[PDB]
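Numbered per PDB author numbering, the first sequence spans residues -2 to 154, 160 to 432.
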Amino acid sequence: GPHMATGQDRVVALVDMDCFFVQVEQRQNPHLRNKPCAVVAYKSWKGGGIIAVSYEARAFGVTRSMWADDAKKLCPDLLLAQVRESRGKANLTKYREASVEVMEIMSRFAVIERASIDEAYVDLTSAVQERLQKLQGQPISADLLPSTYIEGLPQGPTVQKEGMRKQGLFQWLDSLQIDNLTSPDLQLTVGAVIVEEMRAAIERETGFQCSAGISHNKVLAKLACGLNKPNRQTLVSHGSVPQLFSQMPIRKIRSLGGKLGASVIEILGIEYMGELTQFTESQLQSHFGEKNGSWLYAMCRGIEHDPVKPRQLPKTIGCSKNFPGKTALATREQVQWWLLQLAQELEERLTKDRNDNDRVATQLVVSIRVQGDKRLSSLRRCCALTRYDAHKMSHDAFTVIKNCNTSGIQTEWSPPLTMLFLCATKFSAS
DNA sequence: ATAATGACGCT
DNA sequence: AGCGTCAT
Ligand SMILES: Nc1nc2c(ncn2[C@H]2C[C@H](O)[C@@H](COP(=O)(O)NP(=O)(O)OP(=O)(O)O)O2)c(=O)[nH]1
Ligand SMILES: [Mn+2]
Ligand SMILES: [Mn+2]
């Protein structure tokens, strides 16, 4: 009734770059602009695995996870860009540095939560209240929202894609309660005006294009972000959630794409997000635990309370390489060498981190995977990070895993390692 | 035999 | 402390 919290207290946006690693290479090499192209790591095996696909190549069916030699079967004119290699491994420095350019522009508008290398969450609540008071009381022109989609509109009593957008935008704006600085739909509209400005600044200042989702919480803005990619932004209001969730497959919601989402489907016998509304919170707490139960119950009414954390820098700095198949490390010296290669790149990035952000990692986590195991990591161990010295980090990382060699021979290493991963963490103000 | 990372929950 | 999940 009057005491049902509708999850409309905040304005939150999710900006995510369109085919990010591809845009970075396309800005650098103009010959790849507006062409089907992909980014690839390691051209030896089947031409390398594809990690990012432009939208022109997606049109032919090229996806990430594909081998470049298979993607050229689907698209013969596919242009490839290969990631820098340093010390025998992929090096993502170019994209990290591109990512920092974008984070700094978004930071100028609001406090952001770096959520990946190519996306950040924005909490625009206060900026919305600020803009609402300098607007005095003026209506909101559709000229302020040249790339916004209003999810669920048009509705009621034009055949092309941009025609629909306008007529949906017009309908929304025609309906807008301009008088009421408290109406949550007006605030989203104003959030969306700010996000247009911020997306323009990103494109003006980096040449990168991105999509954005604007809703009342992180989960809805993330889902909204995907609805009109690329180069568009989508407003999802509280009232569009019922129709939106009635055919929304469960797995498309953040944190439900895995086994939890699969057990919601199998146990509860449903397919779509909107179907969860029939269960009581207690029922959902019984099947999925108190925390998930409560979260599911509020979520399927479009209510979510996870806050935008004020974090623009990563909490961990990490460095890993896989060794699949016959290339799995099988001798002690081979393990030592790569641990040193990984420690060396970690050292350049730590030293850069300490001068740019004046903090220092204090703990070093070593994780490995053995051949024949099944999980991502097979063993995690940890020691102290006192000096930014690769040889010490290499030595210490080896020390705390060497007892895992079931090899009777000192020279050999079994079982063969298929993943080495080093991660500096527990950062303190420096 | 896509890889390379990063955040966070559970016990 | 060390493992498990979910993610881009
Ligand atoms: N190495 C590696 N990189 C990945 C992986 N997944 C993503 N990346 C890297 C490369 C990706 O470019 C970058 C951004 O990831 P997204 O936002 O999920 N997809 P993008 O921005 O490319 O397309 P869209 O327009 O659909 O958002 O993360 C992966 O599994 N492995
Ligand atoms: Mn992206
Ligand atoms: Mn992303």
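Each residue gets a CB set at the ideal place from its N, CA and C atoms; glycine is no exception.
Extent of the continuous beta strand (DSSP E) run through residue i
i: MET421; result: 414 to 431
i: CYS321; result: 319 to 324
i: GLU277; result: Neither: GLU277 is in no beta strand (DSSP E) and is coded neither H nor E.
i: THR191; result: No beta strand (DSSP E) holds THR191; the alpha helix (DSSP H) holding it covers 186 to 208.
i: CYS385; result: 381 to 386
i: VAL36; result: 34 to 38
i: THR3; result: Element bounds for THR3: n/a, residue is neither H nor E.
Residues sharing a beta bridge with residue i, DSSP
i: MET250; result: Per DSSP, none; premise fails for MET250.
i: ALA214; result: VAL12, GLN235
i: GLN169; result: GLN169 pairs with nothing; no bridge assigned.
i: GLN130; result: Paired residue(s): none; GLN130 is not in a bridge.
i: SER369; result: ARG382, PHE423
i: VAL243; result: Answer is none; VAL243 lacks a bridge partner.
i: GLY46; result: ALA38, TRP64
i: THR145; result: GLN235
i: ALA363; result: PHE429
First and last residue of the uninterrupted alpha helix (DSSP H) at residue i
i: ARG55; result: 52 to 55
i: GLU22; result: 17 to 25
i: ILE267; result: 261 to 270
i: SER396; result: 392 to 401
i: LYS404; result: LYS404 -> no alpha helix (DSSP H), and no H or E assigned at all.
i: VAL221; result: 220 to 227
Whole-Å CB distance - residue i paired with residue j, under 8 Å assumed
i: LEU150; j: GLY170; result: 3 Å
i: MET14; j: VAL99; result: 7 Å
i: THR364; j: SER430; result: 6 Å
i: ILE319; j: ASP355; result: 6 Å
i: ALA65; j: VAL19; result: Wrong, their Cβ atoms sit about 14 Å apart, outside the cutoff.
i: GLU198; j: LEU142; result: 6 Å
i: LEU11; j: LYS224; result: 5 Å
i: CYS384; j: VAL368; result: 7 Å
i: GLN25; j: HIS240; result: Not a contact, Cβ separation roughly 42 Å.
i: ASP67; j: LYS43; result: 7 Å
i: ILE370; j: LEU422; result: 6 Å
Query raised in the report: Touch check for the stretch 120 to 137 and the stretch 371 to 391: three-plus C-beta pairs under 8 Å?
Result: no
Requested in this report: May I ask you to verify whether the stretch 98 to 112 touches the stretch 72 to 84, counting CB pairs closer than 8 Å and requiring at least 3?
Outcome: no
Query raised in the report: Is the stretch 333 to 353 touching the stretch 399 to 410, taking contact as three or more C-beta pairs under 8 Å?
Result: yes
Query raised in the report: Can you give, in chain order, each stretch of the beta strand (DSSP E) that sits fully within the stretch 67 to 124 and has at least 3 residues?
Result: Counting whole runs of 3 or more residues, the stretch 67 to 124 contains the beta strand (DSSP E) stretches 76 to 79, 109 to 111, 116 to 120.
Query raised in the report: Can you list the alpha helix (DSSP H) stretches of 4 or more residues lying completely in the stretch 281 to 337, in chain order?
Result: 283 to 290, 292 to 301
Query - Stretch pair the stretch 141 to 148 + the stretch 220 to 239: three plus CB contacts closer than 8 Å - result: yes
Report task. Would you check if there are 3 or more beta carbon pairs closer than 8 Å linking the stretch 274 to 290 to the stretch 209 to 217? Result -> No, the stretch 274 to 290 does not touch the stretch 209 to 217.
Query raised in the report: Touch check for the stretch 304 to 317 and the stretch 259 to 273: three-plus C-beta pairs under 8 Å?
Result: no
**Report entry** Segment contact, 8 Å Cβ cut-off, at least three pairs: the stretch 292 to 301 with the stretch 391 to 402
**Finding:** no
Requested in this report: State whether the stretch 194 to 214 contacts the stretch 171 to 184, with contact taken as three or more CB pairs (one from each stretch) at a distance under 8 Å.
Outcome: no
Requested in this report: Specify whether the stretch 34 to 43 and the stretch 244 to 257 touch according to this definition: at least 3 beta carbon pairs, one from each stretch, less than 8 Å apart.
Outcome: no
Query raised in the report: Do the stretch 336 to 350 and the stretch 81 to 90 make contact, defined as three or more Cβ pairs closer than 8 Å?
Result: yes
Query raised in the report: Do the stretch 20 to 28 and the stretch 56 to 64 meet, that is, are 3 or more Cβ pairs less than 8 Å apart?
Result: no
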